[PDB]
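Step one of this worksheet: look at the structure below.
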Amino acid sequence: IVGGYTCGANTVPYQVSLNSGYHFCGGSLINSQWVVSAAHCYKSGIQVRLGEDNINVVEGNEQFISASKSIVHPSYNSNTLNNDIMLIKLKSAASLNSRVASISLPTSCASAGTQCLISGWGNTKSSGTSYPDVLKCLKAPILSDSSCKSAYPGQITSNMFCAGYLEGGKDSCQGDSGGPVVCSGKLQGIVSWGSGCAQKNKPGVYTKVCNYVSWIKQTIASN
Ligand SMILES: N=C(N)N1CCC(CNC(=O)[C@@H]2CCCN2C(=O)[C@H](N)Cc2ccccc2)CC1
Ligand SMILES: [Ca+2]
């Protein structure tokens, strides 16, 4: 997260870190045994780390649970990032409490101008690299489809939306991939892609979760 702020320990209790001997992506807990992340985060050997604030210190409240299943959307296209969504099943259920909590899925799509909370342990610099210890947060609005397509001509599908800023300085970044965009208490986005990070005229692009609610529920019910 570039241009954000320190969230505060466990203030984003649905945020998870995906770990493969290092933090590599975020995700969102949607029930005690399932996480939503980005398809471009898929790999074998995922350990889901819940309850984290400082990802480099055992502070208490952490739960580390291996993934038993990762399910990339069957229509994910890695060249366009269309359908950039993946479900991760936990080997055992997380213990839910005030610091480890699920986030509701949308009942309808969000509208342009809605302010959302984006979070993660990704890069905090728009030039160069710095990765934080503690979870970072950014308040960011959903942009109009027209502004999004103007920024990324030919690249925005119906399964994507833009959020953030056009003036530069505030965005998600590498290592935030797969993490949440929460608006009015609902998981509306997944950190997916962008040109650089926090660059002028190049907002963040996010998977449009409201298009996948039925697919999520059926995939969970069948697994
Ligand atoms: N500014 C941000 N809000 N983000 C936040 C998310 C991160 C991490 N996500 C990536 O790095 C994804 C994974 C694959 C390539 N890619 C890109 O974003 C490419 N730059 C553009 C692209 C290439 C091919 C297809 C679709 C898009 C990037 C910065
Ligand atoms: Ca920790």
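With the deposited numbering as the guide, the letters of the sequence shown map in order to residues 16 to 34, 37 to 67, 69 to 125, 127 to 130, 132 to 184, 184A, 185 to 188, 188A, 189 to 204, 209 to 217, 219 to 221, 221A, 222 to 245.
Note that CB positions come from ideal geometry on N, CA and C, so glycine has one too.
Integer Cβ distance of residue i from residue j, believed to fall under 8 angstroms
i: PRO161; j: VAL235; result: With 8 angstroms as the limit, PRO161 and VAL235 do not qualify as a contact, their Cβ atoms being about 22 angstroms apart.
i: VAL53; j: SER139; result: With 8 angstroms as the limit, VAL53 and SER139 do not qualify as a contact, their Cβ atoms being about 14 angstroms apart.
CA-to-CA distance, residue j to residue i, given in whole angstroms
i: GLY203; j: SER120; result: 11 angstroms
i: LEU137; j: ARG117; result: 17 angstroms
i: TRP215; j: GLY226; result: 6 angstroms
i: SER61; j: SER86; result: 10 angstroms
i: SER166; j: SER110; result: 43 angstroms
i: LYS222; j: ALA171; result: 10 angstroms
i: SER190; j: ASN143; result: 8 angstroms
i: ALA24; j: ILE63; result: 23 angstroms
i: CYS128; j: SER178; result: 12 angstroms
i: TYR20; j: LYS156; result: 5 angstroms
i: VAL76; j: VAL65; result: 15 angstroms
i: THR134; j: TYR184A; result: 13 angstroms
i: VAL90; j: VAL231; result: 14 angstroms
Bridge-paired residues (DSSP) for residue i
i: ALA85; result: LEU108
i: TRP215; result: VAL227
i: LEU137; result: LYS159 and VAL200
i: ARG66; result: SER32 and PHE82
i: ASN95; result: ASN100
Element boundaries [beta strand (DSSP E), containing residue i]
i: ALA183; result: 180–183
Continuous alpha helix (DSSP H) stretch holding residue i: start and end
i: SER166; result: 165–171
i: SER236; result: 235–243
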